[PDB]
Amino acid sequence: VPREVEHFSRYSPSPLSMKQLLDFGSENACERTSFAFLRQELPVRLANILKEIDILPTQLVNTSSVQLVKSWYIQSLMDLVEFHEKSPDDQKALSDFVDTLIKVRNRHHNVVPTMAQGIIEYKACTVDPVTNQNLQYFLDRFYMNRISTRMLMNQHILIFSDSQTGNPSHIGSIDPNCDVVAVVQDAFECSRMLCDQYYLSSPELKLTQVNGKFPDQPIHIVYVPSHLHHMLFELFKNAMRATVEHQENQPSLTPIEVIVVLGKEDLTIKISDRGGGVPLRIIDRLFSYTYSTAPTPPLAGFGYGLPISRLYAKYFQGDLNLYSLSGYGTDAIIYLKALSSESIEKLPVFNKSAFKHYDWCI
């Protein structure tokens, strides 16, 4: 373990709210602040997850895939710590920092499929997240950590780079006025298109919306629309496969019903299908990485749709749950915080209590 890794792993991550992120990109003078923060914060986050990695089973860690991820994380941490001797007022340092985040971003581009392959390899020993709770626990933390460093670095790139400026209507990747229903309809369409290619039909969308906060007004919150789209797209692909296969011998498809509700503290989206449901017994299994009732290949089969969409929801203190009526259909529900100031990053920390994690006759 390089000394810089050991050092930075002793700090805990510092979580930001979406309110704070919006304020960073509020103006140009914040670049030196974002620089001074991220040059310390990114090494802390990388070092915390690196020390976790070393806790994994030897046969996992020594996969070429996990040895690659670790070598990338370590190089990225060094690249960043190189900036510690620079003045935040040094305009050349700030320019070089942006270029460095672009290089780290590119270097980390295939981290998720790379880890997912380490898992596959390791799954040799037969061991699995569906049957191994430690592996599940690690993958939630590794992937939430990744979501968090990507979000922070992208914010700085998309606000301060010359060449990569993101949507002019967003602050970094955040839409301070996210048209939630619009993102629902777009994700539904994406899913429809994939579904039609596997089955030559897909259900229709029946959408309802309720603005409890101000009745009859359009529903908007501060949100990252790509995260929202990914959760919706994964739940739509799931509802559509379940619907089509359950109903295959009927004259037509029951639509998927979606309701979007804005309340004082929460934005909630419920997606209801008549896809035959799931026995209560296997509901928890459904959120394990790799768990799929489909053959492994894509519409389905890798088993990442649920646990990853749930990490997106939980990342800013939201949640994702599924409640099924076996024999009939399923409700999938996303909860997001409606106030940017309560939308706070949910981060893993490598400490005694994490290390430890690694009466009813029921």
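Between two forms, the rigid core is defined as the largest C-alpha subset superposing within 1.5 Å. Each residue number is its position in the shown sequence, starting from 1.
Where the structures in 7 other deposited structures of this protein are fitted on the rigid core, 303-311 is the one of 303-311 and 39-47 whose C-alphas sit farther from the shown form on average. Looking at 173-181 and 193-201, the one farther from the shown form in 7 other deposited structures of this protein by average CA distance, after a rigid core fit, turns out to be 193-201. Compared with other PDB entries of the same protein, residue 240 is present in all of those that resolve the residues around it, none of them, let alone a third, dropping it. When the other compared entries with both flanking residues are checked, residue 29 is unmodelled in at least a third. According to the entry, the deposited sequence has 4 to 9 residues without coordinates between residue 297 and residue 298. According to the PDB entry, the deposited sequence contains 1 to 3 residues between residue 123 and residue 124 that lack coordinates.
Averaged over Cα atoms, the B-factor as recorded in the entry is higher for 23-31 than for the other of 327-335 and 23-31.
For the pair 212-220 and 67-75, the mean Cα B-factor is higher in 212-220. When the modelled residues of the chain are ordered by C-alpha B-factor, residue 134 sits in the lowest third. The PDB entry assigns residue 276 a C-alpha temperature factor belonging to the lowest third of its chain's modelled residues. Compared with the other modelled residues of the chain, the Cα B-factor recorded for residue 306 ranks in the lowest third. Among the modelled residues of the chain, residue 9 sits in the middle third by CA temperature factor in this PDB entry. The PDB entry assigns residue 86 a C-alpha temperature factor belonging to the highest third of its chain's modelled residues.
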